[PDB]
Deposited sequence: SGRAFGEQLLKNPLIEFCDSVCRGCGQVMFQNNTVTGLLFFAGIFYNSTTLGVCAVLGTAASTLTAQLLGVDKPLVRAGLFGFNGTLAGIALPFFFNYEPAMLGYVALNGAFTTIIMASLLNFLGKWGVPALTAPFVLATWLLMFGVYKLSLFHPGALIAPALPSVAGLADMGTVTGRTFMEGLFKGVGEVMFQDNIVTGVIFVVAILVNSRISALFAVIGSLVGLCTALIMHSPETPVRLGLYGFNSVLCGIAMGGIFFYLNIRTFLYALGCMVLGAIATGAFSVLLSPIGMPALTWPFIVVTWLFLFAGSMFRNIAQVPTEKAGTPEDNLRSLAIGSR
């Protein structure tokens, strides 16, 4: 890309580009068009969620600039993706109140703190923060809803002690399950949004698009093998963590080969199992696990990589697309 295009830059267009890469990075895709198309998929499903994704991405990005995060970290969208999710999560789980937008901005800003926390903390081992800033901030802003009534929880939020119908697996289970598994990465209960999302990843990386598809499928059929009722599976609730596992493990943080593929398959399966685990863990307070399943399991596999000679890890500060990763190895 012509170095002279830098004469054309202005803080507003540069901020706008940081924001769209921010959104791309929700699925590890450092690409403006990918992020632009993620926004398109969300806006396709809901205008309200779309505006809130944008505001959350904008809130977190701006906060990072206000505090003076290193320019390259901001330019790569690493202070945007947790803000995208922080923005969608709130109106997904809670009913609208006028304060909703203020609260989204707050949740966005808070993710930026936690991203910096975790880059400082996890950086000693070269391990990425993933979506932990989004999960930890949103939990902190959501758990207290029963005591702090500004917002009112939706019907998805229902405290209960866990206990042990099953439904019927059909072709629909698989087609809906697949693409909603991708869509549910950003709380998008929408087959077409999921398709758009896969296309969006394809633009930046073909291998990462395939692993998104594989992850969703592995999560889905893991849950079926494990005798989940059909309804959650069809809704892609067992795909989205495994989607993220697939993309992270499938050539981004490890060099793609047969061994690292098997390793990736490990994360993906356990991501789906951890989804049932964390959902149960938080059920007494009625709260969603979000992407905690993907975070915990992928952190375990990431931390473990340097101990396994047969598993070629990519150095995190270098880690680009699976295609780029292979091309720098062969060099």
item: Regions left out of the model, expressed as runs of the deposited sequence counted from 1; value: 1-2, 167-170, 338-340
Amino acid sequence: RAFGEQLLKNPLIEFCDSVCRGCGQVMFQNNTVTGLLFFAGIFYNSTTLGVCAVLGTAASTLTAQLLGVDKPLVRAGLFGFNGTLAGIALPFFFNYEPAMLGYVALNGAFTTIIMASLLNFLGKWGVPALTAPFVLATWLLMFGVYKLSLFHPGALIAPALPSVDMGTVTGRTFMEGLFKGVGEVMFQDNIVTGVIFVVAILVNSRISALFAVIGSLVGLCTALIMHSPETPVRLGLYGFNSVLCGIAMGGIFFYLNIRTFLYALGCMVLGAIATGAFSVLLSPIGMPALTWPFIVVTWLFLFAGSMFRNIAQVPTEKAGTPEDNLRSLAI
From here on, numbers count along this sequence of modelled residues.
{"item": "Mean C-alpha B-factor comparison - 308-316 and 17-25, higher one", "value": "308-316"}
{"item": "Modelled-residue ranking by C-alpha temperature factor, third containing residue 174", "value": "highest"}
{"item": "Chain thirds of CA B-factor: placement of residue 92", "value": "lowest"}
{"item": "Chain-relative CA temperature factor third for residue 288", "value": "lowest"}
{"item": "Chain third (lowest, middle, highest) by recorded CA B-factor, residue given as residue 80", "value": "lowest"}
{"item": "Third of the chain's Cα B-factor distribution that residue 111 belongs to, per the entry", "value": "lowest"}
